[PDB]
Amino acid sequence: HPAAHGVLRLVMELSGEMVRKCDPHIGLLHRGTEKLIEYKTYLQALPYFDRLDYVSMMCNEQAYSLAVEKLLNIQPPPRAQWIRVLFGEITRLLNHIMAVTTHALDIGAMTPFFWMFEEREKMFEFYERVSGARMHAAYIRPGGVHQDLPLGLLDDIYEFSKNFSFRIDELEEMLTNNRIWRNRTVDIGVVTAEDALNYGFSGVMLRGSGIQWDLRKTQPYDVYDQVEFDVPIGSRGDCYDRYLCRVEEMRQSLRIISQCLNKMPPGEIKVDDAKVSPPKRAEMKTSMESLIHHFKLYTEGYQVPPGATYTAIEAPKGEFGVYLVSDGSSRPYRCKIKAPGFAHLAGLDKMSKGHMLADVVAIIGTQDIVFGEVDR
Amino acid sequence: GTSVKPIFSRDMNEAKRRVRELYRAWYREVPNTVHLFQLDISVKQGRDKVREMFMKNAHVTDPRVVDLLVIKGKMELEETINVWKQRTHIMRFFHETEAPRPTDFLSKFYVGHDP
Amino acid sequence: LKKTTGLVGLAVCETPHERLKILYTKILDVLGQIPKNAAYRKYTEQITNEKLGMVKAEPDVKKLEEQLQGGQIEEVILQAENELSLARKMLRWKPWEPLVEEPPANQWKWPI
Amino acid sequence: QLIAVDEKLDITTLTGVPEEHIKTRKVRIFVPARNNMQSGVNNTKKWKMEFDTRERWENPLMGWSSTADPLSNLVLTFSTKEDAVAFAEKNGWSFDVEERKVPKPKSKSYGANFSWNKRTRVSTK
Amino acid sequence: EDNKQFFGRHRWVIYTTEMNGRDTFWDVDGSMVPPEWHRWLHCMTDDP
Amino acid sequence: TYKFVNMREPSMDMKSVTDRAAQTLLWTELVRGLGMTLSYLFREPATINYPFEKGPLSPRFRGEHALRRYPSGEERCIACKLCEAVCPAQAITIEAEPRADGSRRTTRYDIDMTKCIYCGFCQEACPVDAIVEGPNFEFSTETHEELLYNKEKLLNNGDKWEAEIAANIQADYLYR
Amino acid sequence: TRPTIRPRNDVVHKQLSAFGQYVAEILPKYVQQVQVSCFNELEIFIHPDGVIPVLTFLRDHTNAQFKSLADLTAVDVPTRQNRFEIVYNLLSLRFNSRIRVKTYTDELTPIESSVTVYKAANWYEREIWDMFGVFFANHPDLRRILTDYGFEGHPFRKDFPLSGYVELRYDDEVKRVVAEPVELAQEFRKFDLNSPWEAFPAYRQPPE
Amino acid sequence: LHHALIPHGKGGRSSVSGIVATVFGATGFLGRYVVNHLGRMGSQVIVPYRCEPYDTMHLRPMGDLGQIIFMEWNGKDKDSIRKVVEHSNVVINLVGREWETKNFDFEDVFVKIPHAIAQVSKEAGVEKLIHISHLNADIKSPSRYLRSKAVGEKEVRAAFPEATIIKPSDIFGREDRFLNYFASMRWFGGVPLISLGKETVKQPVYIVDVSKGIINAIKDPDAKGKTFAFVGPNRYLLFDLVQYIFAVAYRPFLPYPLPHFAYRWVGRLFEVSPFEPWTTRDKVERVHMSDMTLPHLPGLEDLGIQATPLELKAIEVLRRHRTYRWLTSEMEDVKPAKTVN
Amino acid sequence: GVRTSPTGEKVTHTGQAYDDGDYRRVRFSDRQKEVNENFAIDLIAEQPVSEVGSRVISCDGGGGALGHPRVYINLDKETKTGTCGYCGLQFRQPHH
Amino acid sequence: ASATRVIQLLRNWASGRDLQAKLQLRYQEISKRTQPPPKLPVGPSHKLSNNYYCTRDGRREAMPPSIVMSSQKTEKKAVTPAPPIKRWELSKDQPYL
Ligand SMILES: COC1=C(OC)C(=O)C(C/C=C(\C)CC/C=C(/C)CC/C=C(\C)CC/C=C(\C)CC/C=C(/C)CC/C=C(\C)CC/C=C(\C)CC/C=C(\C)CC/C=C(/C)CCC=C(C)C)=C(C)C1=O
Ligand SMILES: NC(=O)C1=CN([C@@H]2O[C@H](COP(=O)(O)OP(=O)(O)OC[C@H]3O[C@@H](n4cnc5c(N)ncnc54)[C@H](OP(=O)(O)O)[C@@H]3O)[C@@H](O)[C@H]2O)C=CC1
Ligand SMILES: CN(C)C(=N)NC(=N)N
Ligand code: SF4
Ligand code: SF4
Ligand SMILES: [Zn+2]
């Protein structure tokens with residue numbers, strides 16, 4: 001189904017066209033990611049997170065890397081942290097573009113999809129230049145980042161950031177004050193703050209309902225405590241307010257990108273601990289200890305001290321968390337993945353009370369569900 | 001522990017009562033399953049398969065295990081009634097595409113190393 | 001006075017002080033049934049009397065909100081209602097009793 | 001109050017394993033032998049439960065090693081022989097238990113290499 | 001090449017009408033470019 | 001800090017009321033949307049003329065795999081199985097034995113391109129730069145088996161793309 | 001300074017320890033153990049029948065307003081008598097904190113459903129049942145959520161094989177998809193990666 | 001045996017069954033069923049085809065990677081026949097048309113092609129050869145189809161003395177001719193029958209049973225040079241059979257007698273179609289002809305297969321011919337036809 | 001230097017070639033066998049032997065960081081050449 | 001880009017903004033695909049003296065979690081997990097949209 005994101009079976013009970021109950025059937029994209037992670041090492045499990053929410057790739061990677069670093073009791077270098085924040089905001093722009101444009105496409109607007117996807121192509125070019133893969137970079141790793149930026153990436157990112165506010169303004173010229181868009185989105189899928197908190201919504205859902213909560217402000221990670229940005233807050237808790245919140249979050253991510261570009265520091269890109277992060281190629285090919293550590297890291301991997309952690313980040317779709325349990329070996333014993341879309345899709349039924357089929361389409365769009373992360 | 005927490009049904013009598021209730025629920029459903037899914041099997045075949053699936057767990061002597069089995073049976077039934085399943089799964093109950101696995105020692109010896 | 005609380009589903013209350021006094025008095029009344037040595041009774045009585053003292057000494061709603069540090073006065077009222085319901089449930093549950101049962105010999109060991 | 005079940009625990013009907021792999025499988029509970037190529041003994045701390053070896057054949061294409069045994073790579077770790085035995089019994093597989101082999105204490109003396117009248121004297125260093 | 005065009009259309013290729021033993025007047029492939037011109041066309045470098 | 005996205009209120013003065021009434025009766029924002037769409041119509045499209053124009057790429061690009069050689073012609077791979085060990089998808093199979101001259105060389109080196117996730121860990125773990133992920137990406141096949149590469153196919157890919165692979169490695173090896 | 005070593009937060013460690021003592025004193029009937037990890041994460045191990053009272057307290061108490069149920073999962077440890085370990089991760093927005101509550105259960109012992117405390121517990125407990133076989137007593141709708149219709153066995157258990165027991169394909173004779181016993185063209189290769197040398201002296205266990 | 005031909009596994013999709021079979025006419029009804037069974041067993045299958053490669057697409061998912069090989073062949077090309085049978089130890093012959101095209105006739109498809117396949121297979125050293133014929137293959141039969149069948153059977157036995165010649169009666173299945181041909185007479189008003197179908201007795205055989213028998217004949221070591229007859233368990237009059245077909249299809253049944261010469265002229269009219277003809281004079285002759293009784297020849301019970309009665313698998317074929325009114329009617333709703341035993 | 005088997009099938013550098021009676025040769029019918037015509041053993045034989053006036057030599061494969069890890073070869077046994085085994089390169093002390 | 005002035009003026013009128021100030025196509029303003037070679041910084045732990053791994057071993061500083069309360073083994077004020085979150089201040093940059 002075009003509006004079902006391809007892999008969602010939504011068994012609906014309709015009286016005419018009014019919705020009586022929604023029964024989302026998920027698992028059509030269940031792969032057994034957690035079991036496979038239990039069978040892989042820590043370095044071999046990063047692409048699994050890369051493929052969980054395939055619209056916020058470096059965000060998933062950053063969450064996993066934060067969990068592993070917290071368990072390892074190490075610290076990424078400041079340049080690595082700044083790169084992580086910059087690319088996290090770039091990925092937030094990517095995800096918000098995808099969400100808003102697919103929402104408008106499910107409602108009946110496609111030209112913003114095409115424009116913002118040209119912008120997405122440019123950001124994919126940034127991804128590919130920094131990593132070699134257009135979307136599934138596998139770039140952010142426990143201890144920092146894999147490789148340093150090329151010598152034109154910052155200038156190109158500055159050019160793109162400079163020429164993107166006009167794109168957002170053109171998007172807003174088509175939907176924000178349009179009466180048809182307001183009719184479709186206003187007072188649709190209204191969720192109260194208490195209901196959102198009880199159902200476990202996170203991120204844009206809470207902020208649209210009016211809850212002043214943002215993990216980047218309350219529980220900062222990396223260098224998010226050194227950047228300045230505003231947190232959009234909704235008033236009516238509907239699709240229109242959530243769309244406005246997402247657009248303003250795009251603008252604030254542009255702010256953060258500008259700040260990161262100006263404040264990019266020098267230094268190394270991964271923790272200077274060859275027992276955790278691999279050494280350079282020259283050191284490997286000239287130093288005996290470096291060769292031994294490269295061999296061991298790429299065959300057995302680093303051992304993580306026993307313990308369990310739950311680390312969460314403000315991924316573009318809400319609070320994305322990982323509960324990682326290590327038994328002292330080089331492979332994770334348990335890896336539970338908390339995707340924000342799981343609770344939202346669980347709460348889809350309540351938000352679609354007294355609505356119709358088109359309203360349910362709009363509510364799914366405003367929930368912004370990715371079933372890779374929903375099912376895992 | 002000596003005082004194991006019961007799921008329900010307490011002793012084995014109430015567990016048997018729940019087993020019989022679930023058996024009645026399944027038995028009255030086979031004609032509807034055949035009609036809706038447009039199965040090519042007979043109603044007698046469906047009832048026989050329900051009977052066989054019930055009988056393969058006849059050796060259970062633990063009330064908690066019986067309660068879990070009837071819970072999962074009710075889950076399977078509610079999957080069938082709501083047409084959540086397809087003809088694919090209902091026929092998966094029948095193993096219609098498997099070759100008849102040999103069971104005698106001589107045939108097992110001939111085919112391979114399987115005990 | 002204020003138009004909205006900024007939270008969907010949270011209506012503005014025109015009588016914050018009276019409602020807060022009533023709720024805190026009800027909570028204190030419920031806590032009287034709990035045995036004296038129970039640690040839930042002491043802490044909850046302390047915090048309730050501490051917060052009930054503030055509402056009787058500050059007529060201004062904004063300064064009262066700043067003193068309570070519990071969000072807006074509507075959020076404080078909602079939390080008082082939740083505390084009252086929790087006190088009733090805790091009266092039913094009686095969790096001040098000793099431990100129900102010790103776990104097996106190695107239940108929380110890790111790594112294992 | 002609370003019921004009592006005076007019978008051995010058995011969850012074979014709930015695990016979902018096929019009857020073939022329930023009845024015709026004999027697991028091996030043991031402490032792994034130390035890898036003789038290394039002196040480290042940290043891999044001989046926990047008991048391991050592993051299944052019997054089944055057939056592996058050669059793929060007609062690409063010559064890979066095919067298999068048909070689901071439990072070929074299934075190895076479980078248990079802290080104690082009693083725990084492993086209880087798990088195997090409740091899961092219904094047959095099991096063979098092998099006792100842990102710990103090296104016997106040995107008397108080592110550096111001065112025995114220079115004995116005045118014993119054969120323990122070494123001819124080189 | 002034409003640098004006045006925007007990035008992406010400032011380099012292009014006209015494929016041959018016959019390659020090896022195939023009549024390639026119409027059915028032009030994207031894999032017909034040898035590696036060096038492939039690198040230059042995909043802009044991994046500015047040196048032809 | 002925080003900001004409100006939708007918290008404004010319209011002025012109720014007569015001029016603003018008449019402006020809103022005119023916007024309601026005369027579809028002003030709809031005309032604005034039409035104007036934006038017309039502007040985009042008169043703009044220049046971003047479509048490239050594929051396959052005659054190819055999208056930009058970088059020296060770090062991960063494409064089809066290849067097995068390289070030293071300039072002398074000897075194979076770089078030393079059968080160390082680091083790529084096989086680190087491969088997340090277990091898409092690499094390696095079997096080796098002493099060669100006729102005693103070298104440590106592989107006899108089987110298979111990569112399943114329907115199982116590989118193109119993550120590039122194999123070229124990171126290679127200590128001799130033998131296995132690489134080249135720049136080619138136009139290698140779609142009509143049959144499944146053609147995507148199950150072996151040592152001969154990977155060596156052919158290396159010989160076919162050696163110049164471009166060497167140039168890319170020279171361009172990007174200082175960041176590794 | 002040590003650039004490669006994560007700094008500690010004694011203030012947060014002390015606050016979490018004080019709150020753990022607070023909850024342990026308030027609820028002696030269920031709280032079996034309290035821990036604070038060295039990266040400032042509070043954990044409470046309680047008796048399995050105290051799930052509802054403990055969660056209700058941690059949600060409604062004024063000093064513990066853990067309104068949001070961040071996560072709910074289980075961990076399978078076969079070597080224990082009670083293999084399944086149910087984990088609740090809670091977030092308190094008012095006090096800007098997180099807590100963890102861990103209980104234990106086995107195959108045949110139900111765990112009281114916590115959908116009356118948090119609504120996300122509905123789908124979280126459905127997933128726990130589907131993946132581990134743990135039954136929740138008062139669940140409004142308890143059924144498989146992720147596995148295939150009619151799937152047998154609970155995949156996330158440690159004793160469930162990685163590839164399962166059945167695989168699907170389309171059989172032209174019956175004109176439908178069929179499920180047949182698993183058979184791999186290339187078997188998954190098991191690697192023994194653990195080094196035989198102890199890595200962390202601080203986690204050494206008594207030989208016993 | 002060669003080390004590559006030793007069976008391995010548990011007879012699944014990824015196992016090795018030691019069978020390398022060249023299946024001529026695999027792009028057909030019985031051909032597709034046989035190829036599916038071979039691939040499910042886990043055998044190497046070579047599919048010689050002359051049609052468009054698009055029409056061979058359904059055979060691809062029938063086997064694991066590299067087990068199905070498609071090689072273009074020409075019927076009158078011994079070079080292509082040798083190319084496709086060079087490396088196979090079993091050769092199955094299922095080539096046959098129910099009509100005669102401009103380039104191929106019943107002599108070509110039933111005598112020349114089977115003889116060429118048998119002779120070339122003998123030179124190539126193929127261990128086993130299965131050849132499909134018709135049960136009512138009579139040298140003096142009124143039907144050119146059956147005359148060519150008998151002559152080609154004799155030629156095949158002469159060329160390859162160690163052959164297994166199988167004689168199915170009337171295969172019925174989803175993509176069959178029999179049940180579909182009898183159920184497609186709705187469009188032409190009533191059902192024309194010769195002598196009202198009262199002088200014809202037929203026992204159709206199930207397609208899956210035929211395919212299983214063919215597979216078992218390969219694995220049976222003492223079926224090298226034999227002749228098997230594959231017939232169903234029940235014999236019906238033609239009138240009763242067509243009446244049961246229409247009853248299961250839930251279509252009104254209006255039969256009427258049509259004289260044999262008039263029916264032959266009607267068949268002559270329908271065979272002028274350049275495409276696949278709806279019916280032909282030979283088809284009318286075969287339909288009117290009664291199925292022979294051959295007690296001395298072995299059968300499905302001798303090969304280890306229990307013949308599936310028509311009353312069980314008739315609904316698989318005839319449910320497609322129903323309307324929305326009777327689509328969901330159950331299998332048991334229609335009484336079995338009156339048998340003649 | 002590719003060689004042809006008695007069945008007409010080219011042998012790879014690993015000596016792989018199906019037997020005459022092997023059914024698996026049918027996969028190459030109407031298609032081709034992917035064989036690399038350059039043999040590394042032959043090429044490295046074609047490469048000459050270097051002569052350096054030192055007991056110990058160091059080989060990194062050339063190119064610095066583009067080559068293999070640096071190793072040291074002891075040129076003391078004059079009856080044979082010292083072969084760096086990463087790249088199969090032979091060094092020798094000048095005798096006579 | 002390359003366009004006539006009349007079409008540019010029509011686009012400016014229809015869109016309401018000077019498009020040539022901020023376009024969506026890249027014309028020679030991006031960095032060249034060929035760049036001078038870099039020389040990345042080495043790191044903090046690349047010293048030749050006073051650099052022992054035992055003094056900078058992050059993993060070995062990890063400790064088993066402290067057991068605050070274990071059942072096996074005045075008037076204290078009630079506490080909280082942390083001081084209550086302070087109220088967020090409205091943005092001075094743009095408080096309202
Ligand atoms: C993950 O998943 C995905 C999603 O989430 C589910 C997504 O959202 C998306 C996003 C998708 C989008 C954004 C796409 C939507 C946006 C768009 C812009 C798509 C727009 C689509 C359309 C406009 C489709 C409409 C067009 C259609 C359907 C084509 C129909 C074509 C026709 C020709 C109609 C038929 C006309 C006929 C038959 C006319 C016939 C005429 C005659 C018979 C007349 C005959 C006349 C004669 C014979 C006269 C002859 C005369 C002469 C002179 C000839 C003589 C010459 C001779 C040589 C003979 C993607 C990609 C996705 O991946
Ligand atoms: N079907 C029945 O009722 C009965 C059939 N038989 C016999 O069983 C065999 C299989 O019958 P069935 O599957 O039903 O019939 P089909 O017509 O469906 O199949 C015939 C097969 O032979 C191929 N073929 C036909 N003509 C030629 C030719 N000139 N050269 C090469 N290949 C050719 C066809 O391929 P393509 O797609 O290219 O035409 C197709 O693969 C036949 O020999 C038939 O006589 C025996 C008793 C009953
Ligand atoms: C977001 N994803 C994965 C979609 N498939 N989306 C869509 N609109 N089709
Ligand atoms: S790119 Fe990754 S998945 Fe692919 S072969 Fe290399 S290591 Fe394996
Ligand atoms: S990592 Fe390199 S040298 Fe080692 S086995 Fe793989 S390709 Fe060969
Ligand atoms: Zn060398």
# chains A, B, ... in the order shown; residues from 1 in each chain; ligands from 1
call {"tool": "select_by_dssp", "arguments": {"residues": "region 9-181 of chain G", "states": "strand (DSSP E)", "output": "MDAnalysis selection string"}}
result
chainID G and resid 31:37 41:46 68:76 84:92 97:105 166:171 176:181
call {"tool": "residues_around", "arguments": {"residues": "residue 19 (chain I)", "least_positions_apart": "4", "cutoff": "10 Å", "atoms": "only C-alpha atoms", "output": "list in words"}}
result
residues 2 of chain H; 5, 6, 7, 9, 23, 24 and 25 of chain I
call {"tool": "write_last_selection", "arguments": {"atoms": "N, CA and C atoms", "output": "PDB file, in the first residue's frame"}}
result
ATOM      1  N   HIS H   2      30.779 -41.876  -9.341  1.00  0.00           N
ATOM      2  CA  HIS H   2      31.662 -40.733  -9.173  1.00  0.00           C
ATOM      3  C   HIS H   2      31.406 -40.072  -7.824  1.00  0.00           C
TER       4      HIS H   2
ATOM      5  N   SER I   5      43.593 -29.275 -19.732  1.00  0.00           N
ATOM      6  CA  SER I   5      43.402 -30.633 -19.256  1.00  0.00           C
ATOM      7  C   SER I   5      43.101 -31.570 -20.425  1.00  0.00           C
ATOM      8  N   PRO I   6      43.244 -32.884 -20.224  1.00  0.00           N
ATOM      9  CA  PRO I   6      42.884 -33.827 -21.296  1.00  0.00           C
ATOM     10  C   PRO I   6      41.426 -33.750 -21.711  1.00  0.00           C
ATOM     11  N   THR I   7      40.556 -33.186 -20.877  1.00  0.00           N
ATOM     12  CA  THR I   7      39.161 -32.969 -21.233  1.00  0.00           C
ATOM     13  C   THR I   7      38.930 -31.629 -21.921  1.00  0.00           C
ATOM     14  N   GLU I   9      39.630 -28.551 -20.666  1.00  0.00           N
ATOM     15  CA  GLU I   9      39.285 -27.493 -19.727  1.00  0.00           C
ATOM     16  C   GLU I   9      40.556 -26.864 -19.171  1.00  0.00           C
ATOM     17  N   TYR I  23      30.033 -34.693 -13.622  1.00  0.00           N
ATOM     18  CA  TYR I  23      28.848 -34.069 -14.196  1.00  0.00           C
ATOM     19  C   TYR I  23      28.909 -32.552 -14.131  1.00  0.00           C
ATOM     20  N   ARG I  24      29.725 -31.998 -13.236  1.00  0.00           N
ATOM     21  CA  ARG I  24      29.736 -30.561 -13.005  1.00  0.00           C
ATOM     22  C   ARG I  24      30.337 -29.777 -14.161  1.00  0.00           C
ATOM     23  N   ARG I  25      30.941 -30.449 -15.142  1.00  0.00           N
ATOM     24  CA  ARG I  25      31.412 -29.762 -16.337  1.00  0.00           C
ATOM     25  C   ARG I  25      30.272 -29.206 -17.176  1.00  0.00           C
TER      26      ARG I  25
END
call {"tool": "residues_around", "arguments": {"residues": "residue 24 (chain D)", "least_positions_apart": "5", "cutoff": "10 Å", "atoms": "only C-alpha atoms", "output": "list in words"}}
result
residues 114 and 115 of chain B; 19, 52, 93 and 94 of chain D
call {"tool": "write_last_selection", "arguments": {"atoms": "N, CA, C and O atoms", "output": "short mmCIF file (atom, residue, chain, number, x, y, z; two decimals), in the first residue's frame"}}
result
data_model
loop_
_atom_site.label_atom_id
_atom_site.label_comp_id
_atom_site.auth_asym_id
_atom_site.auth_seq_id
_atom_site.Cartn_x
_atom_site.Cartn_y
_atom_site.Cartn_z
N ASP B 114 21.78 -40.45 9.54
CA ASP B 114 20.83 -39.99 10.54
C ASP B 114 20.45 -41.14 11.47
O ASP B 114 20.07 -42.22 10.99
N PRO B 115 20.54 -40.96 12.79
CA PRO B 115 20.16 -41.98 13.78
C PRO B 115 18.69 -42.39 13.68
O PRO B 115 18.13 -42.82 14.69
N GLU D 19 10.44 -33.02 17.35
CA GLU D 19 10.58 -34.25 18.11
C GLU D 19 11.87 -34.98 17.77
O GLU D 19 12.46 -35.63 18.63
N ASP D 52 25.79 -33.11 19.65
CA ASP D 52 26.56 -34.06 18.86
C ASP D 52 26.71 -33.58 17.42
O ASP D 52 25.89 -32.81 16.91
N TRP D 93 16.69 -33.25 26.31
CA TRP D 93 17.75 -33.89 25.55
C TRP D 93 18.47 -34.92 26.40
O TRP D 93 18.49 -34.83 27.63
N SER D 94 19.07 -35.91 25.74
CA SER D 94 19.98 -36.78 26.48
C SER D 94 21.25 -36.01 26.79
O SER D 94 21.57 -35.02 26.14
#
call {"tool": "residues_near_ligand", "arguments": {"ligand": "ligand 6", "cutoff": "6 Å", "atoms": "only C-alpha atoms and all ligand atoms", "output": "PyMOL selection string"}}
result
chain I and resi 59-61+84+86-87+89
call {"tool": "residues_near_ligand", "arguments": {"ligand": "ligand 2", "cutoff": "7 Å", "atoms": "only C-alpha atoms and all ligand atoms", "output": "ChimeraX atom specification"}}
result
/H:24-31,49-51,74-75,94-98,104,109,132-135,167-172,176-178
call {"tool": "write_last_selection", "arguments": {"atoms": "N, CA and C atoms", "output": "tab-separated table (two decimals), in the first residue's frame"}}
result
chain	number	residue	atom	x	y	z
H	24	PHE	N	13.57	-33.23	-21.23
H	24	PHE	CA	13.04	-32.68	-22.46
H	24	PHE	C	11.56	-32.37	-22.30
H	25	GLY	N	11.12	-31.28	-22.92
H	25	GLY	CA	9.75	-30.83	-22.74
H	25	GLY	C	9.44	-30.43	-21.32
H	26	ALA	N	10.42	-29.89	-20.60
H	26	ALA	CA	10.19	-29.42	-19.24
H	26	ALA	C	9.30	-28.19	-19.20
H	27	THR	N	9.21	-27.45	-20.31
H	27	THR	CA	8.36	-26.28	-20.38
H	27	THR	C	6.92	-26.69	-20.67
H	28	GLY	N	6.38	-27.59	-19.86
H	28	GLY	CA	5.03	-28.07	-20.05
H	28	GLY	C	4.36	-28.41	-18.73
H	29	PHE	N	3.23	-29.10	-18.80
H	29	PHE	CA	2.46	-29.43	-17.60
H	29	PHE	C	3.15	-30.52	-16.78
H	30	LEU	N	3.24	-31.73	-17.35
H	30	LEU	CA	3.97	-32.80	-16.70
H	30	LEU	C	5.44	-32.44	-16.55
H	31	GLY	N	5.99	-31.69	-17.51
H	31	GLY	CA	7.37	-31.28	-17.41
H	31	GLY	C	7.64	-30.40	-16.20
H	49	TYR	N	15.17	-26.12	-23.94
H	49	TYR	CA	14.00	-25.36	-24.35
H	49	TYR	C	14.20	-24.80	-25.75
H	50	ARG	N	13.11	-24.74	-26.50
H	50	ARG	CA	13.08	-24.06	-27.79
H	50	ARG	C	12.20	-22.82	-27.77
H	51	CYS	N	11.39	-22.63	-26.73
H	51	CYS	CA	10.48	-21.51	-26.64
H	51	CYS	C	11.22	-20.25	-26.21
H	74	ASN	N	17.22	-27.73	-30.32
H	74	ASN	CA	16.33	-27.89	-31.46
H	74	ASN	C	15.93	-29.35	-31.56
H	75	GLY	N	14.66	-29.60	-31.85
H	75	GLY	CA	14.17	-30.97	-31.90
H	75	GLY	C	14.87	-31.80	-32.95
H	94	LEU	N	9.38	-36.03	-22.44
H	94	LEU	CA	7.99	-35.63	-22.28
H	94	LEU	C	7.50	-34.78	-23.45
H	95	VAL	N	8.22	-34.76	-24.57
H	95	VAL	CA	7.85	-33.91	-25.69
H	95	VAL	C	6.59	-34.45	-26.35
H	96	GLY	N	5.62	-33.56	-26.60
H	96	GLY	CA	4.41	-33.96	-27.29
H	96	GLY	C	3.39	-32.85	-27.44
H	97	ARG	N	2.82	-32.73	-28.64
H	97	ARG	CA	1.75	-31.78	-28.93
H	97	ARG	C	0.44	-32.53	-29.14
H	98	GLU	N	-0.66	-31.88	-28.78
H	98	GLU	CA	-1.98	-32.42	-29.07
H	98	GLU	C	-2.52	-31.97	-30.42
H	104	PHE	N	5.99	-29.17	-37.34
H	104	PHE	CA	6.04	-30.39	-36.55
H	104	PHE	C	4.70	-31.09	-36.59
H	109	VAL	N	6.90	-35.27	-33.52
H	109	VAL	CA	6.99	-35.12	-32.07
H	109	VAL	C	6.94	-36.45	-31.33
H	132	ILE	N	7.83	-41.00	-22.00
H	132	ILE	CA	6.40	-40.94	-21.73
H	132	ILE	C	5.62	-41.22	-23.01
H	133	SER	N	4.68	-42.14	-22.93
H	133	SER	CA	3.79	-42.52	-24.02
H	133	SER	C	2.35	-42.37	-23.55
H	134	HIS	N	1.41	-42.88	-24.34
H	134	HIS	CA	0.00	-42.85	-23.98
H	134	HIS	C	-0.49	-44.27	-23.73
H	135	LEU	N	-1.42	-44.40	-22.78
H	135	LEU	CA	-1.97	-45.71	-22.44
H	135	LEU	C	-2.66	-46.35	-23.64
H	167	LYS	N	3.01	-45.05	-19.51
H	167	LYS	CA	1.79	-44.87	-20.31
H	167	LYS	C	0.68	-44.33	-19.41
H	168	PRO	N	0.68	-43.03	-19.13
H	168	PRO	CA	-0.43	-42.44	-18.37
H	168	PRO	C	-1.72	-42.50	-19.16
H	169	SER	N	-2.83	-42.56	-18.43
H	169	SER	CA	-4.14	-42.69	-19.07
H	169	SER	C	-4.65	-41.34	-19.55
H	170	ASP	N	-4.94	-40.43	-18.62
H	170	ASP	CA	-5.43	-39.10	-18.95
H	170	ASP	C	-5.09	-38.20	-17.77
H	171	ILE	N	-4.02	-37.42	-17.91
H	171	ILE	CA	-3.53	-36.62	-16.79
H	171	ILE	C	-4.47	-35.45	-16.55
H	172	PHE	N	-4.90	-35.27	-15.30
H	172	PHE	CA	-5.74	-34.14	-14.92
H	172	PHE	C	-5.07	-33.36	-13.80
H	176	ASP	N	-4.02	-28.69	-16.89
H	176	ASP	CA	-4.23	-29.85	-17.74
H	176	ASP	C	-5.07	-29.47	-18.96
H	177	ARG	N	-5.30	-30.47	-19.81
H	177	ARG	CA	-6.25	-30.37	-20.91
H	177	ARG	C	-7.60	-30.97	-20.57
H	178	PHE	N	-7.60	-32.14	-19.93
H	178	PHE	CA	-8.79	-32.97	-19.74
H	178	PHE	C	-9.92	-32.23	-19.04
call {"tool": "decode", "arguments": {"residues": "region 25-32 of chain I", "atoms": "C-alpha atoms", "output": "short mmCIF file (atom, residue, chain, number, x, y, z; two decimals), in the first residue's frame"}}
result
data_model
loop_
_atom_site.label_atom_id
_atom_site.label_comp_id
_atom_site.auth_asym_id
_atom_site.auth_seq_id
_atom_site.Cartn_x
_atom_site.Cartn_y
_atom_site.Cartn_z
CA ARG I 25 31.41 -29.76 -16.34
CA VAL I 26 27.90 -29.18 -17.72
CA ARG I 27 27.79 -25.73 -16.11
CA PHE I 28 30.31 -24.39 -18.63
CA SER I 29 28.34 -25.61 -21.66
CA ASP I 30 27.22 -22.69 -23.86
CA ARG I 31 29.26 -20.46 -21.50
CA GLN I 32 32.87 -19.90 -20.45
#
